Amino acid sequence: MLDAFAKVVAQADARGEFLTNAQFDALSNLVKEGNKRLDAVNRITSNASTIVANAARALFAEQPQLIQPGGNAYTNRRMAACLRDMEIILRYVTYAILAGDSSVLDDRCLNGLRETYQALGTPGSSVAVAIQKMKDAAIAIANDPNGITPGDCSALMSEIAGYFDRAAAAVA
């Protein structure tokens, strides 16, 4: 996996060149927004359980057939698996937010997922709805103005939205 910093280094090397002032300046800026990134991760992570549970309740209220007998989330074994999958999707998304790169999310979570649900018979599009849900809650909790120093986090939120959309698109 790579973090936003190693990502630039890897590109510089393949060309065999030193970093340019543009790159230094760009990376120097990531460092400046560091505080906002630590808060985002802390908050989302700090509400992990609520985010997963509330999103699933909504999913099931919206698509009751997933829990009717025969449904893919019917029986506690399949239900636990469903909840586990959601918590896992959320876990890798928070890693990407800390890293500032989706590599970890792609290599260790998203690849092979589509094939896996296809083979299991799990409605991949239903998973997309699940993650879309956590996305909204996650961001709502991330940039809530209460409890912290005021300032703009809009760019970080849009980036955070990216990783979520990225996962949703990988199974839908």
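Note that residue numbering follows the sequence shown and begins at 1. Between two forms, the rigid core is the largest collection of C-alphas that superpose within 1.5 Å.
K.L.:
Taking RMS over all structures and residues, which stretch has CA atoms farther from the shown form in 6 other deposited structures of this protein, 36-44 or 22-30, after a rigid core fit?
P.N.:
Between 36-44 and 22-30, the one lying farther away in 6 other deposited structures of this protein is 22-30.
K.L.:
Looking at the deposited entry, does 159-167 or 21-29 carry the larger mean Cα B-factor?
P.N.:
Between 21-29 and 159-167, it is 21-29 that shows the higher mean C-alpha B-factor.
K.L.:
Can you let me know which of the two, 53-61 or 115-123, has the higher average C-alpha B-factor in the entry?
P.N.:
Between 53-61 and 115-123, it is 115-123.
K.L.:
Have a look at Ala142, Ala48, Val104, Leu38 and flag the one whose Cα has the highest B-factor in the entry.
P.N.:
Reading the PDB entry, the winner on C-alpha B-factor is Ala142.
K.L.:
Mind checking which third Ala172 falls in for C-alpha B-factor across the chain?
P.N.:
CA B-factor rank for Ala172: highest third.
K.L.:
Split the chain's modelled residues into thirds by Cα B-factor; is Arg43 in the lowest, middle or highest one?
P.N.:
Its C-alpha B-factor, which the entry lists for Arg43, ranks in the lowest third among residues of this chain.
K.L.:
Taking the chain's C-alpha temperature factors as the reference, tell me which third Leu2 falls into: lowest, middle or highest.
P.N.:
Middle third by C-alpha B-factor.
K.L.:
For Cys153, return the chain-relative third of its C-alpha B-factor as stated in the PDB record: lowest, middle or highest.
P.N.:
Tercile = highest for this residue's CA B-factor.
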